[PDB]
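Okay, here's what each chain looks like letter by letter:
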Amino acid sequence: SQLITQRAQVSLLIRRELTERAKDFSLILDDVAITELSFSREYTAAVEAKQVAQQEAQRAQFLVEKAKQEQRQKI
Amino acid sequence: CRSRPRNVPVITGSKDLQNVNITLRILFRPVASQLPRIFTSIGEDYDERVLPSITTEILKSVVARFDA
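Now for a look at the structure at hand. (Residues numbered from 1 in each chain as written, not as in the entry; some residues may be left out. Chains lettered and ligands numbered in written order. Part of a larger assembly, values for the part shown. Heavy atoms only, no water.)

Looking now at the pairing of strand 2 (residues 19-28) of chain B. Residues and elements named next belong to chain B. Pairing of strand 1 (residues 4-13) with strand 2, which is carried by ten bridges, proceeds in the antiparallel orientation. Bridged to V8 within strand 2 is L24. In this antiparallel pair of consecutive strands, strand 1 and strand 2, the connection spans five residues, and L17 shows a positive phi of 75 degrees. (Pairing = 2+ DSSP bridges. Helix = DSSP H or I, 4+ residues; strand = E, 2+ residues; numbered from the N terminus.)

A negative phi angle characterises most non-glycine residues, just as the trans form characterises most peptide bonds. Non-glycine residue A:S26 carries a positive phi angle of around 70 degrees. By the element assignment, A:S26 lies in the loop between helix 2 (7-23) and helix 3 (42-74). If you check the backbone angles, B:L17 has positive phi at about 75 degrees while not being a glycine. Examined against the element boundaries, B:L17 turns out to sit in the loop between strand 1 and strand 2. Look at B:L17 and you get exposed, because its relative accessible area is 61%. (Buried < 20%, exposed > 50% of the residue type's maximum accessible area, 1.4 Å probe, protein only.)

Below, the structure is given as structure tokens:
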């Protein structure tokens, strides 16, 4: 999650450290960015499942409202 | 007599004996003065005879002492 959000600074740190690694190799680095950061399947899917769980609690809350209306309807 | 990087991979057994693949880059170059001897014994192609042996034996020496 930090690699995704804090990624600008991830770029900065990886850039410093590769600059110091590649200086010994006789080449000059000027501008470099970290561009791909993906994680396998599950973080986004579970986040959306959590959102669906919240909205399903709300959906059942209005199932509960129709429970009131069926309450008095069937009275 | 300039510099060259050479990458040696080692499938080293760690302490828990997990086969860990470690690729080591060794930057290297020859020595100016003893290029005569270097050719009498080895020849023009001094570099390739050396880097893999030392690097493999030594990455094994190291990561053998270390865990996955």
